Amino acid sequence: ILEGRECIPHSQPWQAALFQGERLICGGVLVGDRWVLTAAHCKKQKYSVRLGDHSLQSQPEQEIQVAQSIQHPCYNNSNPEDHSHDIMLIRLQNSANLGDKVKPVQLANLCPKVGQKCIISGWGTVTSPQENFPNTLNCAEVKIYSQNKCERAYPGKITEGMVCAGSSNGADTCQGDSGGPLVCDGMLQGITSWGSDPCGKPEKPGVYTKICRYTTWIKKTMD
């Protein structure tokens, strides 16, 4: 996360993290006691999920195994030029202990409206292009961009299942934040998908997988 700061400990209870040993792969979102949402491009043949964390060097915190990785059917593992349908549900091997410090987010039925102020968070790099990975969860305030301002920034790459967000002062998601949450007014509006290089350029905002477009698929898979 760029141009943000350390979040209030456990203030984002749904924040998950995909790990390959002691190596952070992506961020994630808790949507059920057995489900975690991420970007389909985060899929690995073997990885675990950490919840309730604030600092990565530290009883809310839990580490649970993955039973199943379910990418959106229309996602193409070949051709990573195409960021379409970059969403995936992870079925946990065991249930997560829910509490005030670890609880699922409420998915957004209504789509995000231009200008809406949201919050992006994660353990991704704090600078760009230089990699500087923080030890504690960072948080930043971002705003929902208009689709035309989003399309001009990425000619021919924006679909109706994507939404741009950013800040005039450079707040943005970056390396390691992928799969994480885009939360507006207490609700999950997006899953951080992709962006530009370097991150933090107002004219080149981060792109997010619009949750409102996929809520049908999401529920059908859990139930």
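Numbers follow the displayed sequence, beginning with 1.
Going from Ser58 to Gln59, you skip over 1 to 3 residues of the deposited sequence that the entry leaves unmodelled. Stretches 84 to 92 and 146 to 154 differ in mean CA B factor, with 146 to 154 having the higher one.
Note on 97 to 105 vs 70 to 78: mean CA B-factor is higher in 70 to 78. When the Cα B-factors of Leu110, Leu137, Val126, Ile120 are read from the PDB record, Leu110 comes out highest. Per the deposited record, the Cα B-factor of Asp185 falls in the middle third when ranked against the other modelled residues of its chain. In the deposited entry, the Cα temperature factor of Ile218 places it in the middle third of its chain's modelled residues. The entry lists a Cα temperature factor for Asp172 that places it in the middle third of the chain's modelled residues. When the modelled residues of the chain are ordered by C-alpha B-factor, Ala17 sits in the lowest third. In this PDB entry, the Cα temperature factor of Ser196 sits in the top third of its chain's modelled residues, the highest group.
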